[PDB]
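Following this are structure 1 and structure 2, which are two forms of one protein chain, each written alone as structure tokens.
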Structure 1
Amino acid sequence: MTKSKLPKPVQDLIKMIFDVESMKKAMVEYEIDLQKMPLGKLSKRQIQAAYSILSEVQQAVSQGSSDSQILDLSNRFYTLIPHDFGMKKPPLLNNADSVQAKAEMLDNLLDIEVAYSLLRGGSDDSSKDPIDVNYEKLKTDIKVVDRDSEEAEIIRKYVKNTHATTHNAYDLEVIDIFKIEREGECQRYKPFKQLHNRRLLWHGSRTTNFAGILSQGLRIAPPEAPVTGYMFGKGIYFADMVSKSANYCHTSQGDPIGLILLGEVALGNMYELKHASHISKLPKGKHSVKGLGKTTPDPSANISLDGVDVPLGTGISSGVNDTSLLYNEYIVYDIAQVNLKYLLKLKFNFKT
């Protein structure tokens, strides 16, 4: 039992990422019946089948089919994924809002299954630290960034300047800044290295999703998933406001620690949109979608970190009139266009 020699912040990141109990709390959060469907019985093909029902609902809504099939499909969904709503009525699956809500849950279920499968697979060695074994499963080089360097100064300033006044429920404190290097991702990203308009953007996610996020990278919703469950289609979503992405950590009062990503995203030509557009492909010659937000990080204060633009400017009006987005959103539809650079441990201080 050789005790791990990894730095203490990296060891804590490993423990927090592979926490089986956190995976169970996330499933209870969705009111999933863990007695009828324990974490060990959660299956990949089960999740894709549930995605198919969501897509079947989407098509039934789109042709008028009949709302009673939609009733049957909704009941079929709750049979496939056993829930426990105690005495209340389970939410019906008859409108686009409920399809998005269940697609989001399946997104988290998909990454939770990947994490658990990682843990219970491969090899195990009694003489090895579980932290050391779980670290190697991530297939990622993780190094703690020195607090006093210019990387951390830029990253801290990115956090400090782009917390929107709208997201007033909490404030953010940077605990740890990690430099991350997924195996093979640098080679995969090379075909996009010298594309224009490369920005450093945030991606917030639930803590449980990060075992899959680090082992497999950011992925696109599977083909079974309904394209109308996502505002701008089935792509990878980023933000330039740290608080916009931190909201997608789903941090609570009982679990105030969150994980957020800083990724280099090859945006190229930007299909600028102001409202929903459930697309699967992009128009020829366009490399990403930008949701136009009312507030944008002041473009006068942009800096370059390793030839990548960092929109750490404070929030100002964008001049866009008829848009449905409070803040900007960046979406790519090819996973090769993303190169993950930094991983942040954030403490959420909720104001009460």
Structure 2
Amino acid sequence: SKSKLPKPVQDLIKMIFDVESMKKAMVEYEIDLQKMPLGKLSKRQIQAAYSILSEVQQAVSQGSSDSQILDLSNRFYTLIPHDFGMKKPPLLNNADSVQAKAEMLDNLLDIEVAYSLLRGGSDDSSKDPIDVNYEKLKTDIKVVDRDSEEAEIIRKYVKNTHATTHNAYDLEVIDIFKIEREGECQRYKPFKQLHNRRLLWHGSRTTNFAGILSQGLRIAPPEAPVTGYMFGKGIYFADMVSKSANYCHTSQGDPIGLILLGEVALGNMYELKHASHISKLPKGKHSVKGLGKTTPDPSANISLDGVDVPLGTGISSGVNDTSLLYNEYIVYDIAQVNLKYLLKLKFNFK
């Protein structure tokens, strides 16, 4: 309203700093907001909860001392307070359950970063809250024009890598933002020397984007479980928009999601057809490529700004005996990522 920014950037700001969305996420996790309000989330409590889920997972893998598991499960729920209403707390006693609680803590941490940013500052200004909260992201955000080559390439990227199989949605690009986080340029400069820099997708929940833009994509901490990281704790990317879009966790409820395009300096790829928890790459390798059954057609590889864009249609790869439908790319150093675009997408569920 009293803001200098174009309306798409303003709506982006409202969307990622939306306190109702934060509380709704907590309510949907069935968190007791009387015992743990949005405003009283702590990094230290969440780090301790991460550790417990790691111990839970260890206890599962060894051989359930069924009461020590229940003792760990109870300790988790004491630390992170829940209100399940009529049902009982679901026992944390398998991999899928540990992973869901870990995803919840990831979400909670970024929500806490968003809320601390929102309440931080002096809390009185001549400028309106949109411009002021825009500033706290430490990210220059510009609208890419629909009639530019970048918008066209990016829209083609979305079109061709929308996997018309197990897709319950058509995808529509509403806005394209060009983004530059403070310090990404200098942190990334050495890695610009690596060969094989690619423009790749990274999806995440909308309530995580205030944290992602202020802090960059991060690697899960040591305390957190490794369950569900097919290739260890790193930063994950796809060359198929629908693979990453699944990580937006968008529902028929909220059919709007945010997805990143990152330039990532892959270098020599450690190529793998099966899960393998990576803690250090072999010498000479700078990334992991999970080998999918379907890969973008290399004929239609193109470039913008010297970064390769694999927007080719999904064809067959020469890889039998793989656990993966689509490729994944993983780097283990945060400085190997340069976030270049942020898309607001509408999911049209069929």
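Only the largest set of C-alpha atoms that superpose within 1.5 Å between the two forms is called the rigid core. Please note that residue numbering is based on structure 1, beginning with 1 at the start of its sequence.
- Here the two forms are overlaid on the core, and between the two structures the C-alpha of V227 is the only one among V145, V227, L119, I131 to shift by 2 Å or more.
- Remark: with the core as the superposition reference, the CA shift of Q58 between the two structures reaches 2 Å or more.
- Core superposition gives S280 a CA displacement of 2.5 Å between the two structures.
- Taking the rigid core as reference, the CA displacement of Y158 between the two structures comes to 0.2 Å.
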